[PDB]
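Written below as structure tokens is the structure these notes are about.
Every heavy atom of this structure was used, including side-chain atoms; hydrogens, water molecules and symmetry mates were not. Throughout, a chain's letter reflects where its sequence line sits, starting with A, and its residues are numbered from 1.
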Amino acid sequence: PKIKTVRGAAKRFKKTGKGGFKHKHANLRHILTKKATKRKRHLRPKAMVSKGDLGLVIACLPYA
Amino acid sequence: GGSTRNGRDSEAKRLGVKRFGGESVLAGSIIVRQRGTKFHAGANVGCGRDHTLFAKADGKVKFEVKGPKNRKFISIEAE
Amino acid sequence: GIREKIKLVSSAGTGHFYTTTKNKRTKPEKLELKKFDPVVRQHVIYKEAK
RNA sequence: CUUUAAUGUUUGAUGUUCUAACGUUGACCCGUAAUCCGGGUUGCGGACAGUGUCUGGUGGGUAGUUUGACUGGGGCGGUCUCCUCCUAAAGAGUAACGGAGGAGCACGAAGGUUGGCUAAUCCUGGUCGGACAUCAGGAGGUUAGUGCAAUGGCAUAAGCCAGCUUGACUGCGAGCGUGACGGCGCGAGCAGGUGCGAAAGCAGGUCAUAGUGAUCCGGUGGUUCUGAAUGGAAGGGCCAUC
RNA sequence: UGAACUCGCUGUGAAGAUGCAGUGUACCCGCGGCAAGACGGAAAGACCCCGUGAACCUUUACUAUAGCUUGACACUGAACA
RNA sequence: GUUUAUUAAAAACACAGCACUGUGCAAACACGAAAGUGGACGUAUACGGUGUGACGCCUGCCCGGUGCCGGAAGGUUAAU
RNA sequence: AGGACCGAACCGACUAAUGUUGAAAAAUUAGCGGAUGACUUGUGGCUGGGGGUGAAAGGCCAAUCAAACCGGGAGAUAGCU
RNA sequence: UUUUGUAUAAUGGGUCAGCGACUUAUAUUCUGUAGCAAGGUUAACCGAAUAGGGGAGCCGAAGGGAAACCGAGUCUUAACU
Ligand SMILES: [Mg+2]
Ligand SMILES: [Mg+2]
Ligand SMILES: [Mg+2]
Ligand SMILES: [Mg+2]
Ligand SMILES: [Mg+2]
Ligand SMILES: [Mg+2]
Ligand SMILES: [Mg+2]
Ligand SMILES: [Mg+2]
Ligand SMILES: [Mg+2]
Ligand SMILES: [Mg+2]
Ligand SMILES: [Mg+2]
Ligand SMILES: [Mg+2]
Ligand SMILES: [Mg+2]
Ligand SMILES: [Mg+2]
Ligand SMILES: [Mg+2]
Ligand SMILES: [Mg+2]
Ligand SMILES: [Mg+2]
Ligand SMILES: [Mg+2]
Ligand SMILES: [Mg+2]
Ligand SMILES: [Mg+2]
Ligand SMILES: [Mg+2]
Ligand SMILES: [Mg+2]
Ligand SMILES: [Mg+2]
Ligand SMILES: [Mg+2]
Ligand SMILES: [Mg+2]
Ligand SMILES: [Mg+2]
Ligand SMILES: [Mg+2]
Ligand SMILES: [Mg+2]
Ligand SMILES: [Mg+2]
Ligand SMILES: [Mg+2]
Ligand SMILES: [Mg+2]
Ligand SMILES: [Mg+2]
Ligand SMILES: [Mg+2]
Ligand SMILES: [Mg+2]
Ligand SMILES: [Mg+2]
Ligand SMILES: [Mg+2]
Ligand SMILES: [Mg+2]
Ligand SMILES: [Mg+2]
Ligand SMILES: [Mg+2]
Ligand SMILES: [Mg+2]
Ligand SMILES: [Mg+2]
Ligand SMILES: [Mg+2]
Ligand SMILES: [Mg+2]
Ligand SMILES: [Mg+2]
Ligand SMILES: [Mg+2]
């Protein structure tokens, strides 16, 4: 049968032009009063997935 | 009574001399938490809020001792 | 941890607000500050500090 | 035109009476040569009791499960996250149920800037006053001080006093340090607007290193991004925040 | 019951040797006896620990539930105060 | 008297007696989705459950906890 | 008269020895307890597994019982050998 | 065989013969090889049935953003050196 994608990761990761994956940073959901504005501003954008995690991401997302 | 409970990740002490990083302001060339015996020599930009020295643009890193009290400063030779 | 969290609301029509903390027993009087409002791009007064 | 009274009407509750629902493991007759069952007459009870749906309580009677790890064997005791020092062998890093201490905050000024100032301790003289309070002078030169444990710093002061202030700003950020990763940290410089100062300049919290909790789920405000035939709305997304 | 041409002592050795080192002794093969050894034979130790094992039992462990029990509606009607 | 058929025959179980408690008969209680059956073709001098265990002398104090029984006050409280 | 006494049949199983690849998957020999009673025995019948029965030992339910046996889910699962 | 380590007195094997353990299906990524070349390829099905038809579809040639949307650019920002 077909491989069933991990729906948990399908809505966590998105594929880029050169095969990479973009994701949203953590630590930006709650308890934000004591966090520095510099830290929150740096977290606000989106980052790429590291080398060590690409294997797991690709395993989770076969049809991405 | 009581043991273990030791702090972790004491960071770093020395990050280079001369044209080791060179490019841009860098973030090394300092013993963090030190201040004493590692001051800004004017050539490199002053300390950070946590007493971290860094360069201006480029150049070699040098250490000298001058001024009263014989304090050691880090300068950078612009090139 | 008696210190509690309050929000400073811009006096302008914009809904922008800051957040901070203050002691309730020591200074119960309202806190008034002048901060930058990114929506109107001007420094304005802020209120609503229990 | 009423903060006020009363024939009548409606609708609830309580208590008596009734009988026609319903009960009868009371009596008698028939099916019927039958202590079942059914039908009939009668007596008693009676809108109770009892059953169906919903609902609060109780419920080891029954059922499915859980009841952590390290550990000089297990158990008892102790510990599990973060910060400082030694062990740690003059770059970084480095273990033990190794040796010693702290943290789970505080501040609307204890932040910014401008201006100014310099300690502990001892000695000599002097009312209460003395071992020690305050005053004058002289030694001394940081043995003082830091919002808080330790280390490293600090006279230029990061230590002490005063004036004005909110940069404890918003969007970015070349470059770098430290991590397997999640992530954490330093950062010149650019744009907008602001404070102190004559100006050069300084300010993106506090002398620095502890004061902390991912994701999911949901709450509050803004938005003109989406809106399942169309127009709206609900819900969702994005920004701030709990 | 891996196969044996299957001695003693001292030492060595995965740490208690018939098989290793040194050394001593010992012609080949039966029969009757004894049980010191072959860590002898049997039972994948029952003691101890481990497995994010099982099964029963207990209770003011958690979550359910039969049973019991309270009320509303229905079966369920009529008069009077 | 009974007991671990096959390592335990006993101080263990039972026992007659004693006490508490429930039960008014379509009894309580038990088996059973229900019908129905036992209790019992019995009726409180009866039946069920619990503890103790011939007989003799006796069986003291505590109702704060848990349980059980009773209580037209008041507080809280489901469905609707 | 007696849940009276001694003691055969009969029903039990307290001690010792033997046996322990047995004559026997609990028996033999010598002793031992009850033996008119809550006794013992033949035939037939009823109670069925989270159930039965139990003078209670977690005992018995066809040499098997802290949940019988047979078939199926089923190639249960096994970070273990 | 398992171990830091076994002649080990740690496990398994009395011997012989026969049987006995990395497979199959469908998806997805990579390597080799063959065809075609901005294109490649058909599935069901039809069929004189391994031909031929069938292009429904699927992958690739364009990305950015949560999205509207824009597009060799796009996102962030009032806007970016
Ligand atoms: Mg959010
Ligand atoms: Mg249970
Ligand atoms: Mg289960
Ligand atoms: Mg369990
Ligand atoms: Mg353990
Ligand atoms: Mg121990
Ligand atoms: Mg070192
Ligand atoms: Mg070294
Ligand atoms: Mg190492
Ligand atoms: Mg301060
Ligand atoms: Mg100054
Ligand atoms: Mg200051
Ligand atoms: Mg500090
Ligand atoms: Mg619509
Ligand atoms: Mg919304
Ligand atoms: Mg020997
Ligand atoms: Mg030896
Ligand atoms: Mg012989
Ligand atoms: Mg012998
Ligand atoms: Mg041997
Ligand atoms: Mg043996
Ligand atoms: Mg074993
Ligand atoms: Mg007797
Ligand atoms: Mg017997
Ligand atoms: Mg009856
Ligand atoms: Mg007794
Ligand atoms: Mg007694
Ligand atoms: Mg007799
Ligand atoms: Mg006799
Ligand atoms: Mg016996
Ligand atoms: Mg005999
Ligand atoms: Mg006798
Ligand atoms: Mg027992
Ligand atoms: Mg049996
Ligand atoms: Mg079971
Ligand atoms: Mg199955
Ligand atoms: Mg199997
Ligand atoms: Mg394991
Ligand atoms: Mg070993
Ligand atoms: Mg060897
Ligand atoms: Mg050995
Ligand atoms: Mg061997
Ligand atoms: Mg083994
Ligand atoms: Mg063997
Ligand atoms: Mg696209």
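- Residues from residues 3-13 of chain C lying near RNA chain D, meaning a heavy-atom separation below 4.0 Å, are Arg3(C), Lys5(C) in numerical order.
- Across all strands shown, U151(D) is found opposite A208(D) as a Watson-Crick or G-U wobble partner, with both distances under 3.5 Å.
- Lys34(C) comes within 4.0 angstrom of sugar-phosphate atoms only, judged by non-hydrogen atoms across all strands, and of no base.
- For the segment residues 46-61 of chain A, residues with any heavy atom less than 4.0 angstrom from an atom of RNA chain D are, sorted by number, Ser50(A), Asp53(A).
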Indicate every side-chain donor-acceptor pair of residues 31-42 of chain A with a distance under 3.5 Å to a residue at least two apart or in another chain.
residue, atom, partner, partner atom, Å
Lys35(A), NZ, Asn27(A), O, 3.0
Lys35(A), NZ, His30(A), O, 3.3
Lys40(A), NZ, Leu32(A), O, 3.0

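- Nucleic acid contact for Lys22(A): sugar-phosphate only, since backbone atoms but no base atoms lie under 4.0 Å from a heavy atom of the residue.
- Of the residues in residues 69-79 of chain B, those lying under 4.0 Å from RNA chain D by heavy-atom distance are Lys69(B), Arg71(B).
- One interatomic measurement links the two molecules: CG of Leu33(C) to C1' of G167(D), which rounds to 12 Å at whole-angstrom precision.
- Side-chain contact between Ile58(A) and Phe21(A) is present, with heavy atoms from C-beta onward closer than 4.5 Å.
- One can place NZ of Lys35(C) at 16 Å from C1' of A240(D), the figure rounded to the nearest angstrom.
- Across all strands shown, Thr14(C) has no heavy atoms under 4.0 Å from either base or sugar-phosphate atoms.
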Scoring nucleotides 69-81 of chain H by protein non-hydrogen atoms under 4.0 Å (B base, S sugar-phosphate only, - none) yields ---------B---
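- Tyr18(C) comes within 4.0 angstrom of sugar-phosphate atoms only, judged by non-hydrogen atoms across all strands, and of no base.
- For the pair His40(B) NE2 and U156(D) P, the interatomic distance rounds to 14 Å; values are reported in whole Å.
- Residue-level contact check: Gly1(C) touches the backbone only, with heavy atoms under 4.0 Å from sugar-phosphate atoms and none from bases.
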Taking only N/O atoms, report every protein-nucleotides 213-217 of chain D pair under 3.5 Å with atom names and distance.
residue, atom, partner, partner atom, Å
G213(D), OP2, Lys34(A), NZ, 2.7
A214(D), OP2, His30(A), NE2, 2.5
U215(D), OP1, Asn27(A), N, 3.3
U215(D), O2', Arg12(A), NH2, 3.0
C216(D), OP1, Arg29(A), NH2, 3.0
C216(D), OP2, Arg29(A), NE, 3.2

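- Residue-level contact check: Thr37(B) touches neither bases nor backbone, having no heavy atom under 4.0 Å from any strand.
- The hydrophobic cluster analysis finds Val32(B) isolated: no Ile, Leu, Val, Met, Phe, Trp or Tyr side chain comes under 4.5 Å of it, directly or through other members.
- Applying the side chain to side chain donor-acceptor pair (under 3.5 Å) test to residues at least two apart or on different chains, none of the pairs has a partner in residues 2-19 of chain A.
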Quick one: what's the B/S/- string for nucleotides 84-94 of chain D, heavy-atom cutoff under 4.0 Å, read 5' to 3'? BBBB---SSS-
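- Whole-Å rounding puts the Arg35(B) CZ to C186(D) P distance at 15 Å.
- No contact: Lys30(C) has no heavy atom under 4.0 Å from any strand.
- For residues 41-50 of chain C, no residue pair satisfies the side chain to side chain donor-acceptor pair (under 3.5 Å) rule, not counting sequence neighbours.
- Pairing partner, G50(D): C75(E), with both Watson-Crick or wobble hydrogen-bond distances short of 3.5 Å.
- At a threshold of 4.0 angstrom between heavy atoms, the contacts of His42(A) include nucleobase atoms, whether or not backbone atoms are also involved.
- No engagement by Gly21(B) is indicated, since no non-hydrogen atom pair under 4.0 Å with the nucleic acid exists.
- Under the side chain to side chain donor-acceptor pair (under 3.5 Å) criterion, the residue pairs touching residues 45-63 of chain B are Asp50(B)-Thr52(B), with sequence neighbours excluded.
- When Watson-Crick and G-U wobble pairs are counted only if both distances are under 3.5 Å, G137(D) pairs with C123(D).
- In this structure, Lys15(A) atom NZ and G64(H) atom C1' are separated by 16 Å, rounded to whole Å.
- Residue contacts shown for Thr21(C) include a base, since a base heavy atom lies under 4.0 Å away.
- Atom CD of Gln42(C) and atom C1' of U166(D) are 16 Å apart (whole Å).
- Distance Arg49(B) CZ to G205(D) P: 8 Å, rounded to the nearest Å.
- Distance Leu43(A) CG to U241(D) P: 11 Å, rounded to the nearest Å.
- For the consecutive pair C61(F)/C62(F), the pyrimidine-type rings sit with centres less than 5.5 Å apart and planes less than 30° apart, qualifying as a stack.
- Legend: side chain to side chain donor-acceptor pair (under 3.5 Å) pairs involving residues 44-64 of chain A, not counting sequence neighbours: none detected.
- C47(F) and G22(F) make up a base pair, with Watson-Crick or G-U wobble contacts both under 3.5 Å.
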